[PDB]
Amino acid sequence: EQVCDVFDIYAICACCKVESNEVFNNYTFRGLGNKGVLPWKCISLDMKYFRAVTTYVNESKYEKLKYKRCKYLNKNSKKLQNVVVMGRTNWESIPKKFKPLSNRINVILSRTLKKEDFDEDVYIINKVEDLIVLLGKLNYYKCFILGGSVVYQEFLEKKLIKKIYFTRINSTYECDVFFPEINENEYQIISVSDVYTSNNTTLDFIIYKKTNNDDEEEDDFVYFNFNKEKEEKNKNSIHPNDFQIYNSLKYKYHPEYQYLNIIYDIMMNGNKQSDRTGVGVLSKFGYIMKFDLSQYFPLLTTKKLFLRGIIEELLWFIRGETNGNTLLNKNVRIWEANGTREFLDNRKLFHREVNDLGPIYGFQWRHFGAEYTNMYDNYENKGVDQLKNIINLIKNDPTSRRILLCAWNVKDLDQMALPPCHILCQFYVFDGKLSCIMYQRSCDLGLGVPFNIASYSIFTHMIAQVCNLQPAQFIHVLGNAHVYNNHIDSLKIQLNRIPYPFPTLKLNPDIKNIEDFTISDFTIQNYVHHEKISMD
Amino acid sequence: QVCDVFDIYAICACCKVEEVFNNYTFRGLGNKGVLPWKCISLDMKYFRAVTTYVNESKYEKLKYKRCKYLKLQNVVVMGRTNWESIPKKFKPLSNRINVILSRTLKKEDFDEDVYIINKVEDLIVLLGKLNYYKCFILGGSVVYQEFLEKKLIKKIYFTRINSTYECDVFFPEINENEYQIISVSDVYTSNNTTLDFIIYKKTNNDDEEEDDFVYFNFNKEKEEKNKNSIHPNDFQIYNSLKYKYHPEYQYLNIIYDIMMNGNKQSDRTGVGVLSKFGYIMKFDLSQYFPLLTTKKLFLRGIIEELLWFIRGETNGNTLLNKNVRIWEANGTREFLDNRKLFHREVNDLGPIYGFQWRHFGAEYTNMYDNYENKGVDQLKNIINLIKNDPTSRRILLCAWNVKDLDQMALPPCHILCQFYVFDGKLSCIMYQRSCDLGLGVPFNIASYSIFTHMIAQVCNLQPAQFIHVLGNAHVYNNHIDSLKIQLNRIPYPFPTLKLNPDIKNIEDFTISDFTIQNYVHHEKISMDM
Ligand SMILES: NC(=O)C1=CN([C@@H]2O[C@H](COP(=O)(O)OP(=O)(O)OC[C@H]3O[C@@H](n4cnc5c(N)ncnc54)[C@H](OP(=O)(O)O)[C@@H]3O)[C@@H](O)[C@H]2O)C=CC1
Ligand SMILES: NC(=O)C1=CN([C@@H]2O[C@H](COP(=O)(O)OP(=O)(O)OC[C@H]3O[C@@H](n4cnc5c(N)ncnc54)[C@H](OP(=O)(O)O)[C@@H]3O)[C@@H](O)[C@H]2O)C=CC1
Ligand SMILES: CC1(C)N=C(N)N=C(N)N1OCCCN(Cc1ccccc1)c1ccc(Cl)cc1
Ligand SMILES: CC1(C)N=C(N)N=C(N)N1OCCCN(Cc1ccccc1)c1ccc(Cl)cc1
Ligand SMILES: O=c1ccn([C@H]2C[C@H](O)[C@@H](COP(=O)(O)O)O2)c(=O)[nH]1
Ligand SMILES: O=c1ccn([C@H]2C[C@H](O)[C@@H](COP(=O)(O)O)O2)c(=O)[nH]1
């Protein structure tokens, strides 16, 4: 029966990255303070969250806490409040006008200072066993260790912390004090929040837990689930013990899990099929993922992704290009296999030159309906410039339900190296904000989708910028959602990884026409990721 | 009160008997001493799970409230006829404290180690003795009748058998103001009939990982910031349902979402809408036909529109001479002139659905030209892919021809279909760019559900899921009062579609090959004024 379960002693902290190819682990976020204050100016969303955790109380759950604490000890007002506990330097960093922390029982550890050194209404204690004494004598909901790196150190080495409410600030600052390295045998992460932007930085909230190493309408649920097939004669021959970490998290709110949960769904429930190659897949039909581009760039973190190649693909599209050599000469090999003599001949394109990919995305975006000749032709003022038209509808008719860019030209399919997977983009504008749906007919979950999420997220930012709009939601509709069999083992590794706060994307702000972007106009700041996974 | 105190529940299954609909549609209980239907086996299964199930760590709180009033099994209570109607092999219903109502036959008469009672009241005492989880009235018309009169029923566990059967005995009209529905299950096919499971209730006139939930909601919308200017009050029946598992809730929940969180915008026509972006509804065509039951929908017009598309027509008059007027407004001199189609004959709708489906890339001329073997017959093609190459990820039927949008009376709402085949079953996704949730979507669901069945049948496949992906989803501001009325109606179990099984060419359907079966619906709603 451990002290920290009876007295409900939690730690809450926020850690940035410090000035240290780069390896990343959970020690990456470890920077606590600098010269006796915080390393960052304001991160107001961290304060709002801090406020919410340290001030939240539930009177109904108090009676069971009181009984519990009175039991363990062999045994005023009633306006229930939490206790907070501060190193003295912690306490001397707090602006005067906020002391003591409102609606919280403030406790400060000091040797140099005694109660007569304070005006405030704070409990002063010499020592830790003095907090345990006080907590046995107070009516309080929960006790939060607000730190000082010294306070954090002594509280974990005494195994007095039940959980750590740990905030990952996904930027770097100068630090002189650090949070101790959390022992993974002693603490495991059980919950990871959504990812937000506050004060020009992304952040998320994770919870580490100390490791053990009317209720009529409760029953209606079980009646109503009477037909359910899964007794667990595993539909698909993937095992539980393999996703031990994935399955052990309670709150999986990081948006990366929108993509990770579909791979779980395809693996646990997919239909076994033998696609065009013979490879074999598990497949499902119909999914939506939504990413909040105002809060992050959804580059997956559970594996390393490089975006030079897909950014140069998006610029190639926008220029209207179909010349596979242009990508090959920038050492981008995305379309190399689809432009071989063999691949083209096998597509019955016997009169198509090597790397002439025919009327693919770029052609359809700038010239839909023009007769395709060859990758070198001047197609100016031929066919519909869809791209130009959709920028025009966003600018001048934002409320239009007809702002779509369509790659799927039915007449041209057989003349393309292969029919496009990104069928269409629709756009939606409300209150100065651009959202985008892309519908993908065919979705390689292990290899393709992660880049696809990136391409269309970058594209949405570009259309938003050139239209004087802010980006909102990139919405990804997956039709035929498949995991290739020989990706499965890699995907089992990736799923047992815990996402890191997303990075951000900065477009050079001077670019104002969609045509005027170059590779140097794109910056991915603060990409924290697990190491690369070769999907085979 | 007795019933809340003693956990006295009725379980029944009521078919329709041999025009306007209400809950008392579903009354048929029995016929000639047996049930009115041969064997509906999803219901027999439900009836087990419900009447066996008991919770270990909860009878503590009923040892409480029943004896604070004055392995553990369940009590069941059946009349003699209800007891005799049972075959011999299942008596006394296994794992259950069997019991009977009988003024006549006693325990020395009857077979195994049941219980008997002779007064309705005499039950009260027997329960006051026994150790039991919950008490179920399996009934007979007569047993049910006198238990509802005497106000002894906490909850009714009522199966809606959605077919018609000869009946001699019935269930009591369920007293509308004395009971209300608190839960409604998924819809199911079983033994060639749809059925759902609703729950009537009596009206009255490791919990740390729970606080973590509140912390993670720290940045949510509060009450002033649950955006919009509709009320809680007005959707009280919608809001009172705990379990909303009937698939119509996929449509209703989107209306609720748009009303409550929708962005106020002022579209094209100066009209006003609440708008969201990106939804996905999925309907199990193998289990029901998703024709909205919270109001009356008619399908002849949208079935004719579908046949019209399949024939490749663009001629608005063909529809107008069958009094299908879906496209009338889009064919007027005025509407064509405002689309800058000054040189388009009235009701010449241009290269719309039909033309793209059967002639994609052909130069449109007029609605009367012969276009045989011109452009890409996507419809013939997607059918040949399903039959020759079902694992293809290229089975798309696309109406959004970018070359032709300006020539169209208007661009299509229904951008494309994509098909999926697994294990001789056909699913269809339709991506809808523009979604009027009040008028359009209800019809749009039916159109593409029917289409899926048509494509499945000419391909010798069983239809599986219709998946409706909404892009710009909007409620017209002046549909709001109508939809509020609609949200507070409990869906009925869906109907079924019978296609004439002889039709094996998509081109060979006629209006008489389409039959809707057992359509039970709440009344017509004018969506406007
Ligand atoms: N990023 C974050 O989440 C947080 C960052 N911070 C930052 O942390 C830094 C301050 O931390 P750090 O320098 O360790 O200092 P601390 O806040 O941990 O202050 C340590 C002081 O607390 C007293 N103390 C600690 N333990 C005891 C004990 N057991 N008994 C008696 N006194 C005790 C001593 O006071 P005395 O010296 O008078 O005897 C000690 O000098 C600042 O930069 C602050 O802004 C603070 C909290 C959270
Ligand atoms: N749809 C459904 O879910 C169900 C349908 N059924 C159907 O219902 C039909 C038969 O039931 P219904 O006509 O009621 O017959 P019941 O099964 O209810 O049996 C009636 C008998 O129960 C006894 N009884 C009733 N009230 C009292 C009382 N107040 N005090 C003492 N005894 C009482 C009498 O038996 P006695 O003769 O001993 O005096 C009465 O004749 C059949 O078709 C059966 O299959 C049955 C169950 C479920
Ligand atoms: C605030 C912070 C960094 N965030 C999390 N998640 N966990 C913590 N332990 N941190 O809190 C430090 C507590 C002291 N603090 C630090 C502070 C804030 C601003 C400027 C200097 C110091 C503070 C100041 C004012 C109020 Cl109202 C509440 C807490
Ligand atoms: C069974 C039925 C119709 N279904 C629901 N949902 N609710 C009821 N109250 N009904 O229960 C009647 C009990 C008699 N019966 C039904 C029956 C069976 C065959 C012929 C006539 C009646 C029966 C037989 C075997 C078992 Cl395991 C359980 C119930
Ligand atoms: O941007 C792309 C391009 C291709 N694919 C995958 C999907 C399929 O695995 C394959 C395309 O093959 P078909 O679906 O065209 O047969 O490539 C993607 O996931 N994303
Ligand atoms: O099959 C259809 C056709 C139209 N609409 C609705 C969507 C809009 O309310 C309007 C179409 O006008 P635009 O979206 O093209 O502006 O009609 C539908 O919901 N379904």
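Just follow the structure's listing: the first ligand is 1, and inside any ligand the first atom is 1. Proteins come first, then strands; the chains are lettered A, B, ... in the order of their sequence lines, and each starts at number 1. Scope of the values below: all heavy atoms of this structure, side chains included, with no hydrogens, waters or symmetry mates.
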Compile the donor-acceptor pairs under 3.5 Å between side chains in residues 82-89 of chain A and protein atoms, sequence neighbours left out, one pair per line.
| from | atom 1 | to | atom 2 | distance (Å) |
| --- | --- | --- | --- | --- |
| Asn82(A) | OD1 | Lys142(A) | N | 2.8 |
| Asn82(A) | ND2 | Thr54(A) | O | 2.8 |
| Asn82(A) | ND2 | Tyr56(A) | O | 2.9 |
| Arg88(A) | NH1 | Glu92(A) | OE1 | 3.2 |

Check: residues 109-121 of chain A side-chain donor-acceptor pairs under 3.5 Å, at least two apart:
| from | atom 1 | to | atom 2 | distance (Å) |
| --- | --- | --- | --- | --- |
| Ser110(A) | OG | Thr112(A) | N | 3.3 |
| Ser110(A) | OG | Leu113(A) | N | 2.7 |
| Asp117(A) | OD2 | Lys114(A) | N | 2.9 |

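The protein heavy-atom contact nearest to atom 20 (C) of ligand 3 is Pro95(A) CD, 3.9 Å. Remark: minimum distance from atom 22 (C) of ligand 3 to any protein heavy atom is reached at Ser93(A) O, 3.4 Å. Scanning the protein for heavy atoms near atom 4 (N) of ligand 3, the closest one is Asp46(A) OD2, 2.7 Å. The protein heavy-atom contact nearest to atom 9 (N) of ligand 3 is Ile12(A) O, 2.8 Å.
When heavy-atom distances to ligand 3 are checked against a 4.0 Å cut-off, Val37(A) has no atom that comes that close, whether in backbone or side chain. Residue contacts with ligand 3, taken as heavy atom pairs separated by less than 4.0 Å, do not involve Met86(A) at all.
For the residue pair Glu305(B) / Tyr353(B), no side-chain donor-acceptor distance below 3.5 Å is found, with atom types taken as modelled. For the residue pair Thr294(B) / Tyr251(B), no side-chain donor-acceptor distance below 3.5 Å is found, with atom types taken as modelled.
Listed by number with element, the atoms of ligand 6 under 4.0 Å from a non-hydrogen atom of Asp436(B) are 6 (C), 7 (C), 9 (O), 19 (O). Atoms of ligand 3 found under 4.0 Å from any heavy atom of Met47(A), numbered from 1 in the order shown, are 1 (C), 18 (C).
Counting heavy atoms from C-beta on, the side chains of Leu424(A) and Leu405(A) never come closer than 4.5 Å. At least one side-chain heavy atom of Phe166(A) sits less than 4.5 Å from a side-chain heavy atom of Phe179(A).
Close placement of the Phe218(B) and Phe205(A) rings is indicated, their centers lying within 6.0 Å of each other.
Here salt bridge (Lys or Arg N to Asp or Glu O under 4.0 Å) pairs that include residues 322-332 of chain B, with residues two or more places apart or in two chains, are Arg325(B)-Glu328(B).
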Chi angles and distances behind the side-chain hydrogen bond (donor to acceptor under 3.5 Å, both in side chains) call for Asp436(B), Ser434(B) | CA-CA 7 Å; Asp436(B) 179 8; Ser434(B) 186; over 6 Å; no
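Checking atom 17 (O) of ligand 6 against the protein gives no heavy-atom contact under 4.0 Å.
For ligand 1, the protein residues placed under 4.0 Å by at least one non-hydrogen atom are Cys13(A), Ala14(A), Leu32(A), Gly33(A), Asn34(A), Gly36(A), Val37(A), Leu38(A), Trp40(A), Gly87(A), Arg88(A), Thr89(A), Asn90(A), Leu109(A), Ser110(A), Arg111(A), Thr112(A), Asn126(A), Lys127(A), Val128(A), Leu146(A), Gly147(A), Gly148(A), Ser149(A), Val150(A), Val151(A), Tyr152(A), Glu154(A), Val177(A).
For the pair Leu146(A) and ligand 3, the shortest N or O to N or O distance falls below 3.5 Å.
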